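One structure below.
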Amino acid sequence: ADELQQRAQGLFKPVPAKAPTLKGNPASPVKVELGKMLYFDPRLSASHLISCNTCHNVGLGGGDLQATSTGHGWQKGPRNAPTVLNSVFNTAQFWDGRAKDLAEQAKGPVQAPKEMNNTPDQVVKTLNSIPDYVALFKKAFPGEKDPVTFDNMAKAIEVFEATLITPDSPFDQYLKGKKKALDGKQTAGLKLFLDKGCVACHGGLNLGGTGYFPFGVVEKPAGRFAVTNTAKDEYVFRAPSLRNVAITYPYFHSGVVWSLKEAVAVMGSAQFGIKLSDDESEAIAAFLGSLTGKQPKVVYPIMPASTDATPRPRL
Amino acid sequence: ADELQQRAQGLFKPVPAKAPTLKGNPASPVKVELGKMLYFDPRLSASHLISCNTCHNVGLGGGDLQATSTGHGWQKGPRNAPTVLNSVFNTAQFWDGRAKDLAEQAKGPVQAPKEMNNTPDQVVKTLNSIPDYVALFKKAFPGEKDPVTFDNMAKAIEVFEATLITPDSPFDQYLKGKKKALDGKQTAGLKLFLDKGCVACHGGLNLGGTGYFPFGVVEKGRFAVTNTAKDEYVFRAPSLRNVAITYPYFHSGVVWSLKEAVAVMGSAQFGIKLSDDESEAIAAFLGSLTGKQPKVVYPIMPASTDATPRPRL
Ligand code: HEM
Ligand code: HEM
Ligand code: HEM
Ligand code: HEM
Ligand SMILES: [Ca+2]
Ligand SMILES: [Ca+2]
């Protein structure tokens, strides 16, 4: 019946109306602003061409519209740039890896050598080179004889991301009150997302983002990609958060599947013992579309100028 | 003595505090928004990674922090990126060419930067896949059967670039009236800038961007000016508004210091001599050319669809 609503209210949870407090990283006005500038400063990279936003494009659903990201040197990477919208709520920091490696973790500072091509110390050199950024670190991180450190730099970055959230997606307004926030097809898709076992791995605050599982997608030797079992190789893949999934194509860790309907079709896997008909993998995908919230209103930061003591671009 | 002010006030002009209306390309709420998303949309490149913001960065004085530009395929360019800020005022359109080459142009191209590796066709096709964009072209150019044209899109991007201006720069304030808007060293720099003939090419509303001259900063201080009338080749005297924050300098971007570049430009060729303190004081002045950097909402850009072509890396 409409038991479905009350049901969903217990498995899922809307995105809070406001950025969550980070532990040991008190968000404040300057801190967010400094983090903002930082997220959008290509000088955090060696070339001075790549920022975070180059690959986690707030204007484009948070990702990079690439199958796999291409960083320094025009090098094509091994992985999809996952969104940065709502990342604040995931605990599973990687796509994939050995189970014995992933096992423990977390939670560390953002590190992007390879993609940005900068050692942490070079990053700290650059920051220290620009006066305005120092005055800014002192304001954001007050008690320190030295605030200009890769940890505080990360804290500030991450406090900005805390605000990159997406409240009131139609589905969130359905979990709140409005039952006709979802439409027929979408509401049909909600039920199938549940009664086919999808919420097992894609559940909670972020519809995923929280756990590792020994299943991944590959090329079939002989519809064209399929979920494989990596239990034997002691490997695991993250079950990504499905929030805003409509706007972050292409899909999976390798970005091999561009169509959202088609990606449902792969996920309705024999390995999890789920069978989907096209109408169900249609309908579900519909509901997936209901998970697109209100995109970030961001004023492009006015970043400060390099001084004679700033390292030159190493392309 | 303080009549120096009226000498400048009759040689320059401050930046208008509201975007200028362009010839047969009127502004409007919806056209500026559309112009914006186009401007931050990387899907105008074959690669899907580069946008007019990749090289003309609102957050860094409308430039790109490089000598010369990269570049689809990570491939360097021939020219330094010039600043988007106040470009709406500059009449002189390219870094450099033969005079004849540039001559017949005014009725011609626009455009498709060969840096982005798309054709005007490929761009058009891309905007025709994204239903939301299509609607915005029809709302922006409301008469027309088919508004999604390359020219209408350059027109959209133009209208929003027109909003990228930098008023209330210390100096602009100085012209507007206030005498003390410039500190000591700046007033001495402005004095010199005139007395040395700097304002001859770097004068006007944009302090340049308005003329061409057979004069090139080339390798040789490592650097110097050269006469190219011989070859019949000419170069842009560029708008030095925001010149404190748009390094490196020159066509090739070979000089990183706003002090070195001021010294390069007190040259034998112009019949000029500058002392360290003099070149150091001119820079001081050129520092006051820096205006209110634009407050601009990062646009939210419509989803791709089945039709939208795939990236070509
Ligand atoms: C220094 C600024 C950057 C920040 C703050 C940042 C942010 C993030 C975050 C928060 C995640 C985790 C996603 C999640 O945990 O749900 C992540 C993963 C990822 N990001 Fe970034 N990013 C930055 C630079 C870049 C750049 C320049 C690229 C592209 C060249 C990039 C590409 C990726 C990729 C490919 C992953 C997946 C990695 C994997 O699991 O193998 N990041 N990024
Ligand atoms: C038919 C039901 C399911 C649906 C509709 C579904 C939905 C999706 C979607 C849309 C993605 C795209 C990820 C992205 O790029 O954001 C995905 C990936 C993923 N999901 Fe599911 N999922 C289902 C079943 C499951 C189950 C039961 C599990 C856990 C046992 C799981 C674990 C994962 C993992 C590990 C990935 C990443 C896979 C890879 O990169 O190869 N999924 N899912
Ligand atoms: C449609 C997208 C773009 C627009 C609207 C745009 C804007 C402009 C403007 C307004 C100028 C002339 C400045 C003036 O007249 O004052 C210019 C020239 C220039 N821009 Fe772009 N830009 C775009 C894309 C790019 C990209 C992607 C790059 C580099 C990777 C770039 C690099 C340059 C360079 C090197 C010049 C100097 C031209 C010459 O060689 O003389 N632009 N652009
Ligand atoms: C000492 C007085 C002068 C100073 C301090 C000065 C300043 C400058 C600066 C800083 C640049 C680099 C602009 C940039 O890349 O954004 C420049 C470029 C240029 N200015 Fe001057 N200017 C002076 C006098 C003149 C005169 C008299 C002329 C014309 C006859 C002129 C024409 C040019 C030209 C042709 C360039 C292009 C250089 C190249 O890329 O080859 N300037 N000027
Ligand atoms: Ca994706
Ligand atoms: Ca420059």
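Bear in mind these aren't lab numbers, they're just calculated from the coordinates by the rules spelled out. Don't worry about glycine lacking a Cβ; one is built from the backbone with ideal geometry, like all the others, and counts go over all protein chains shown.
Computed quantities for the displayed model
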{"read-out": "Normalised per residue, the volume of the convex hull around the Cα set of segment B:33-86 (Å³)", "value": "81"}
{"read-out": "Long-range HN-HN contacts of A:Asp96 with modeled amide H, under 5 Å", "value": "A:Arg238"}
{"read-out": "Residue-averaged beta-carbon neighbours from other chains (10 angstrom radius) around A:42-51", "value": "3"}
{"read-out": "Proxy reagent accessibility, fewest Cβ within 10 Å first, across A:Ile284, B:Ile245", "value": "B:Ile245, A:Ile284"}
{"read-out": "Rg(Cα)/(2.2 N^0.38 Å) for segment A:53-141, N = residue count", "value": "1.30"}
{"read-out": "A:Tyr251 long-range amide H proximity, modeled H, under 5 Å", "value": "A:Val256, A:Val257, A:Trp258"}
{"read-out": "Once the Cα gyration tensor of segment A:148-297 is diagonalised, semi-axes √(5λ) in Å", "value": "27, 24, 13"}
{"read-out": "Volume of the Cα convex hull of segment B:154-203, divided per residue and given in Å³", "value": "100"}
{"read-out": "Over the protein assembly as shown: Kirkwood hydrodynamic radius from C-alpha pairwise inverse distances, Å", "value": "27.0"}
{"read-out": "Volume per residue of the C-alpha convex hull in segment A:261-315, rounded to whole Å³", "value": "180"}
{"read-out": "Once the Cα gyration tensor of segment A:88-134 is diagonalised, semi-axes √(5λ) in Å", "value": "30, 13, 9"}
{"read-out": "Per-selection Rg to Rh, segment B:1-43 - Cα, Kirkwood hydrodynamic radius", "value": "1.29"}
{"read-out": "Karplus (6.51, -1.76, 1.60) ³J(HN,Hα), θ = phi - 60°, over segment A:197-203, in Hz, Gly and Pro reported as x", "value": "x, 5, 6, 5, 10, 10, x"}
{"read-out": "Nitroxide proxy distance, nm - points 7 Å out along Cα→Cβ at B:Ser28 and A:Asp233", "value": "5.6"}
{"read-out": "Range of Cα positions in chain B per principal axis (Å), largest first", "value": "66, 43, 32"}
{"read-out": "Dmax and Rg, reported as Rg then Dmax, of segment A:89-199 (C-alpha, Å)", "value": "21.2, 60"}
{"read-out": "For A:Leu22, residues with placed amide H under 5 Å, excluding near neighbours", "value": "A:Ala27"}
{"read-out": "For segment B:96-105, 3J(HN,Hα) per residue [Karplus equation, 6.51 cos²θ - 1.76 cosθ + 1.60, θ = phi - 60°, Hz, x = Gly/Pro]", "value": "5, x, 5, 4, 4, 3, 6, 2, 6, 8"}
{"read-out": "Whole-angstrom gap from segment B:238-308 to segment A:252-295, using each part's C-alpha centre", "value": "50"}
